[PDB]
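Index from 1, following the sequence.
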Amino acid sequence: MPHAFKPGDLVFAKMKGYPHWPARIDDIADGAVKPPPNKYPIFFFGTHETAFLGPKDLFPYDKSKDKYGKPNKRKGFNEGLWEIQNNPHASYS
């Protein structure tokens, strides 16, 4: 059975105006800015951007890849598909 989201989990993350996007739950470094309550720090593959999202916008990658893991014209998306498949736990800093 599923647990709550934890750092390192792989997802597609949804935001307004964007397609479901390959991403991971990040850690928060010692000393760095924490998310709002009930929100997780999401690192978006390809764009390497971070936003704060709740579980309603997080789709576990294994279940969802057949639907959402196809090429997209949007900037950074296809690089992001490569990253989540090939090195999803690397430093992209």
Side-chain angles (χ1 to χ4, degrees), residues 1-15 17-69 71-72 74 76-93:
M1 281 286 159
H3 292 71
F5 288 109
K6 67 176 181 291
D9 286 341
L10 304 184
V11 299
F12 292 84
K14 188 62 171 80
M15 242 126 94
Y18 285 92
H20 291 85
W21 198 286
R24 66 183 187 202
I25 311 292
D26 255 6
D27 285 286
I28 299 151
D30 283 340
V33 169
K34 298 181 282 184
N38 299 288
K39 308 297 175 63
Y40 291 85
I42 303 307
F43 177 82
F44 288 91
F45 294 115
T47 70
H48 316 132
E49 294 168 4
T50 292
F52 297 125
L53 283 181
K56 74 179 191 59
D57 291 318
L58 303 176
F59 291 78
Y61 173 75
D62 189 60
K63 175 175 208 288
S64 298
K65 61 186 196 303
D66 285 355
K67 187 172 191 176
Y68 294 135
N72 202 270
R74 295 280 272 288
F77 192 101
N78 300 336
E79 183 175 12
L81 297 175
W82 177 97
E83 290 180 353
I84 195 164
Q85 184 170 38
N86 295 297
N87 202 341
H89 302 299
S91 166
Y92 285 101
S93 266

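- Clustering ILVMFWY residues whenever any of their side-chain heavy atoms sit less than 4.5 angstrom apart, transitively, puts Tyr18 in the very cluster that holds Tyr40.
- A distance of 8.5 Å separates OG1 in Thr47 from CD in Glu83, rounded to the nearest 0.5 Å.
- With hydrogens and angles ignored, the 3.5 Å screen pairs a side-chain donor or acceptor of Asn78 with a backbone N or O of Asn72.
- When every heavy atom of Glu79 is checked against every heavy atom of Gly46, the shortest pair comes out as OE1-O, 3.7 Å.
- For the residue pair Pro41 and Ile28, the shortest heavy atom distance occurs at CG-CG1, 3.8 Å.
- Applying the 6.0 Å contact sphere to CG of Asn86 captures more than 12 heavy atoms from other residues, nucleotides or ligands.
- How far OG of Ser64 is from CG of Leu58: 10.5 Å, rounded to the nearest 0.5 Å.
- A continuous path of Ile, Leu, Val, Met, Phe, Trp and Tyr side chains, each step under 4.5 Å between heavy atoms, connects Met15 with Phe77, placing both in one hydrophobic cluster.
- Screening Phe44, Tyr68, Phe12 for a side-chain contact (heavy atoms from CB on, under 4.5 Å) with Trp21, the sole residue that qualifies is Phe44.
- For the atom pair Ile42 CD1 and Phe5 CZ, the distance stands at 8.0 Å (nearest 0.5 Å).
- Listed here is the closest heavy atom pair of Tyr92 and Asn87: OH-O, 2.8 Å.
- Of the inter-residue distances, the one linking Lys65 atom NZ with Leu10 atom CG reads 11.0 Å to the nearest 0.5 angstrom.
- The two residues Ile25 and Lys6 have their closest heavy-atom pair at CB-O, 3.4 Å.
- Here the closest heavy-atom approach between residue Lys14 and residue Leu53 is recorded as O-CD1, 3.8 Å.
- Here the shortest heavy-atom pairing between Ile84 and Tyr61 reads CD1-CD1, 3.4 Å.
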